[PDB]
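Below: the structure, in structure tokens.
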Ligand SMILES: *[C@@H]1O[C@H](CO)[C@@H](O[C@@H]2O[C@H](CO)[C@@H](O)[C@H](O)[C@H]2NC(C)=O)[C@H](O)[C@H]1NC(C)=O
Ligand SMILES: *[C@@H]1O[C@H](CO)[C@@H](O[C@@H]2O[C@H](CO)[C@@H](O)[C@H](O)[C@H]2NC(C)=O)[C@H](O)[C@H]1NC(C)=O
């Protein structure tokens, strides 16, 4: 029956970990978009005149 | 006109190409080289009046003064057709008589 | 730890500051030509003259009102430093 209990714990922690990973992916995509915008601004407004 | 958007340097033109799951650009760009050094000045005071360049910049190799464009070296004699006058010169810093 | 860990970044802060100082010294000394080929020296007067000529105002204004502009810029940078 310890195997039953361990199955319960494993499935619960698996859903928790999956949720964390998905949130991390979304936030990383947003930060990448912002970084691309910042790179464009630095390449355009600094090395020249806008 | 936006620098360093497409290419590296001044931009001229481009050609597209195909690919399996993408596109390929061949930007044709313009890059200067073989630089030289000269002595500059912001304006010239003549007859009490300050003269400024219409476009370009004043340069000199030591003995004579010329006006040239900003991205290439071509010398022209200073005349009253490529320069414009604006008042008298007493506050400009760097004037040189000629 | 307790299961998780935080890895260090590849670039340390000193290198970042070095990059920023390089860019800033380059844009002070050469203008914008250092973004295309080799950097060329240019005095800081006839760089602001070009920048005004870009936005429509002729270059007479800068060479006839230099001290006022210098004071304006110094006061502005002092104010932003104090506000921060
Ligand atoms: C700066 O360039 C000018 C333009 O060529 C030089 O002036 C000429 O010099 C040659 C020398 O062989 C003379 O034959 C010409 O009569 C000059 N032209 C004029 C309009 O004076 C000048 O010598 C150069 N200065 C230096 C230091 O090299
Ligand atoms: C450019 O040359 C002119 C002509 O000599 C200079 O004008 C005079 O220069 C003398 C020399 O210092 C002064 O004493 C006079 O007051 C100036 N004006 C007049 C009406 O004679 C002018 O100063 C020279 N420019 C520079 C920057 O030296």
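Residue numbers (the entry's author numbering), protein chains in the order written: chain A, 988 to 1037; chain B, 1038 to 1135; chain C, 855 to 938.
Backbone N, C-alpha and C define an ideal beta-carbon position, used for all residues, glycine too.
is_contact[residue i, chain C] using C-beta, thresh 8 Å
| i | result |
| --- | --- |
| residue 1144 of chain B | Only positions 1038 to 1135 of chain B appear in this structure, which leaves residue 1144 of chain B out of reach. |
| residue 1131 of chain B | yes |
| residue 1097 of chain B | no |
| residue 1034 of chain A | yes |
| residue 1110 of chain B | no |
| residue 1127 of chain B | no |
| residue 1122 of chain B | no |
Min CB distance residue i to chain A below 8 Å
| i | result |
| --- | --- |
| residue 1084 of chain B | no |
| residue 1094 of chain B | no |
| residue 1107 of chain B | no |
| residue 889 of chain C | yes |
| residue 1039 of chain B | yes |
When the options are compared against residue i, the one with the closest alpha-carbon
| i | options | result |
| --- | --- | --- |
| residue 1069 of chain B | B/1060, B/1119, B/1080, B/1107 | B/1107 |
| residue 1101 of chain B | B/1112, B/1092, B/1091 | B/1112 |
| residue 1117 of chain B | B/1065, B/1056, B/1103, B/1054 | B/1103 |
| residue 924 of chain C | C/880, C/914, C/898, C/936 | C/898 |
| residue 913 of chain C | B/1086, B/1119, B/1080, B/1065 | B/1080 |
| residue 890 of chain C | A/1016, A/997, A/1031 | A/1031 |
| residue 1053 of chain B | B/1045, B/1063, B/1046, B/1114 | B/1063 |
Neighbour-count burial assignment, residue i, 16 or more Cβ in a 10 Å radius
| i | result |
| --- | --- |
| residue 885 of chain C | buried |
| residue 916 of chain C | buried |
| residue 1050 of chain B | exposed |
| residue 1095 of chain B | buried |
| residue 1018 of chain A | exposed |
| residue 995 of chain B | There is simply no residue 995 of chain B to check, as chain B begins at 1038 and stops at 1135 in what is shown. |
| residue 887 of chain C | buried |
| residue 1025 of chain A | exposed |
| residue 910 of chain C | exposed |
| residue 869 of chain C | exposed |
| residue 1128 of chain B | exposed |
| residue 1058 of chain B | exposed |
| residue 989 of chain A | exposed |
Cβ of residue i within 8 Å of any chain B Cβ
| i | result |
| --- | --- |
| residue 876 of chain C | no |
| residue 924 of chain C | no |
| residue 880 of chain C | no |
| residue 1017 of chain A | no |
| residue 1041 of chain A | Here chain A covers residues 988 to 1037 and nothing more, so residue 1041 of chain A does not appear. |
Near ligand 3: residue i beta-carbon under 7 Å from a heavy atom
| i | result |
| --- | --- |
| residue 1098 of chain B | The model on display carries ligand 1 and ligand 2 but not ligand 3. |
Proximal residues, the segment 1059 to 1088 of chain B versus chain C, C-beta separation under 9 Å: Within the segment 1059 to 1088 of chain B, the qualifying residues are 1066, 1067, 1068, 1069, 1070, 1072, 1074, 1077, 1079, 1080, 1087.
Selection of the segment 892 to 926 of chain C by Cβ proximity to chain A, strictly under 7 Å: Of all residues in the segment 892 to 926 of chain C, 905, 908 have a Cβ within less than 7 Å of some Cβ in chain A.
Contained alpha helix (DSSP H) runs [length at least 4] in the segment 901 to 937 of chain C, N- to C-terminal order: The segment 901 to 937 of chain C contains these whole alpha helix (DSSP H) runs: 914 to 918, 920 to 937.
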